[PDB]
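*Asks:* A single structure is presented below for examination.
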């Protein structure tokens, strides 16, 4: 129902923001390999978020 | 350092949360989204293991 859809959409949103924050932290730590993997992870998180918005965004 | 541990904890959290969300999408029968989420969780697992080797202990 609406509650479950909203929770899922909200999780997809904070996951996307957390990948960006983590990428920023990894870059600050000069953790280059991890930053690279995290940057791709942010692409994937964006893809999931858009997909969730399409179904649950009302 | 505490900053490295912050990064590590965040990587672990993204792995845990993409797992939870995968299961919730499965419960919604939201298959297109679940497929994307499972791949996202694969990559979150990868990032975590890389960060753990670098920053852990």
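Residue numbers (the deposited numbering), protein chains in the order written: chain B, 1 to 58; chain A, 2 to 58.
C-beta atoms are modelled at their ideal positions from N, C-alpha and C, and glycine is treated no differently.
1) Put residue 45 of chain A into one of helix, strand or coil per three-state DSSP.
2) Can you give me the C-alpha to C-alpha distance between residue 23 of chain B and residue 35 of chain B, rounded to a whole angstrom?
3) Report yes if the CB atom of residue 12 of chain B is closer than 9 Å to the CB atom of residue 40 of chain B, and no otherwise.
4) Can you tell me whether residue 29 of chain A is helix, strand or coil according to DSSP?
5) Closest to residue 26 of chain A by C-alpha separation, out of B:17, B:9, B:30, would be which residue?
6) Report the CB separation of residue 15 of chain B from residue 48 of chain A in whole angstroms; it is logged as a contact under 8 Å.
7) For my contact list, residue 78 of chain A and residue 29 of chain B are in at a C-beta cut-off of 8 Å; report their separation, rounded to the angstrom.
8) Quick check on this structure: which residue in B:45, B:32, B:33, B:58 has the alpha carbon closest to the alpha carbon of residue 18 of chain A?
9) Determine the closest residue to residue 54 of chain A out of B:42, B:54, B:33, with distance taken between C-alpha atoms.
10) Once DSSP output is grouped into helix, strand and coil, what is the label at residue 58 of chain A?
*Replies:* A quick look at the data gives this:
1) Position 44 of the second chain, counted from the first residue, corresponds to residue 45 of chain A. The answer is helix: DSSP assigns residue 45 of chain A an H, G or I state.
2) Mapped onto the first chain, residue 23 of chain B falls at position 23. Mapped onto the first chain, residue 35 of chain B falls at position 35. One C-alpha to the other measures close to 5 Å.
3) Residue numbering aside, residue 12 of chain B sits at position 12 when the first chain is read from its first letter. Residue numbering aside, residue 40 of chain B sits at position 40 when the first chain is read from its first letter. No, these two residues do not count as a Cβ contact at 9 Å.
4) If you number the second chain from 1, residue 29 of chain A lands on position 28. DSSP places residue 29 of chain A in coil when its eight states are reduced to three.
5) Taking the second chain and counting its residues from 1, the one referred to as residue 26 of chain A is at position 25. The residue with the shortest Cα to Cα distance from residue 26 of chain A is B:9.
6) Numbered from its first residue, the first chain carries residue 15 of chain B at position 15. Numbered from its first residue, the second chain carries residue 48 of chain A at position 47. Taking a contact as a CB-CB distance under 8 Å, the pair residue 15 of chain B and residue 48 of chain A does not count as one, their CB atoms being some 12 Å apart.
7) What the structure shows of chain A is the stretch from 2 to 58, and residue 78 of chain A is not part of that stretch, so it cannot be assessed.
8) Indexing the second chain from 1 puts residue 18 of chain A at position 17. Nearest to residue 18 of chain A by alpha-carbon distance, out of B:45, B:32, B:33, B:58, is B:45.
9) As a first step, residue 54 of chain A is located in the second chain; it is residue number 53 there, counting from the start. Taking only the C-alpha atoms, the option nearest residue 54 of chain A is B:33.
10) Sequence index remark: in the second chain, residue 58 of chain A carries index 57 (1-based). Three-state result, residue 58 of chain A: coil.
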